[PDB]
């Protein structure tokens, strides 16, 4: 095949992912899940399954609790904006969710913040950009070192 990209997706560092989205984020579900699978990750689908209106806090909770309980390597959430569901996830102890609309913020969130949950908006980003964003997040690895102090600090606040 082609090897034409300028930025190559490094192999995923997370083997199984817990997935969640609301009725608006559902617009990207299939294709995103399909992408995850094609990149070799096992997807634990925590709903939903339709565009019928539903509440994002539940999906953020399902994936959040799974990620925290160590039953999955990471979590991926999608709502129209990604912001709300992202906040909900960050409210759980042991969770560090990043919401963004470009690759850099995602890649760096892993590297310096060791994030375990990624979110984006189906109404903000297209499918291709979204996939590049997930690639960047999945392939990235935490760098530790001076950052362990900052992440350690975030766990302190969770007080």
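Numbering follows the first chain given and starts at 1.
- The mean C-alpha temperature factor is higher for 87-95 when 87-95 and 126-134 are set side by side.
- As listed in the deposited structure, the average C-alpha B-factor of 60-68 and of 115-123 is greater for 60-68.
- When the modelled residues of the chain are ordered by C-alpha B-factor, residue 23 sits in the lowest third.
- When the modelled residues of the chain are ordered by C-alpha B-factor, residue 39 sits in the highest third.
- Residue 80: CA B factor lies in the lowest third for its chain, per the PDB record.
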